[PDB]
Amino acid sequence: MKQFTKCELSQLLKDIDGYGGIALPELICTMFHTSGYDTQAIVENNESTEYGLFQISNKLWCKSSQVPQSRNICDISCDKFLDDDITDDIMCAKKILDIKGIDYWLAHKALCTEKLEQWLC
């Protein structure tokens, strides 16, 4: 259920290259192994769930019925991360990068800090 090509995502996110010292291919890499470019991706964990192209968690970042105690850092309902517009998802991902850095994503150190030429367009 890929909803983007690696190339279209690289073009849409072109100005996020360098953001907090992030290389763009590093990020695209991270997004692919995270969500498979599926804007509707839902990953269910123990106490919580991660949503969308960026797999943003309801534990901290958005408001959801599942975690009423969430601080909702991005000030947004998690449902917004399952629509076809990734603009709000990108806003939140940047807030994550501003705080916690690219290591929020467990795919980044696992696969995206080494051998990245396949993520170029």
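We call the rigid core whatever largest set of C-alpha positions still superposes within 1.5 Å between the two forms. Counting begins at 1, following the sequence as shown.
The rigid core fit leaves 107-115 as the farther-lying stretch in 4 other deposited structures of this protein, judged by Cα positions and set against 107-115 and 7-15. Relative to the displayed structure, the C-alphas of 27-35 lie farther away on average in 4 other deposited structures of this protein than those of the other candidate, with 27-35 and 90-98 compared after rigid core superposition.
In this crystal structure, the stretch out of 67-75 and 29-37 whose C-alpha atoms carry the higher mean B factor is 29-37. Mean CA B-factor, 46-54 versus 85-93: the higher value falls on 46-54.
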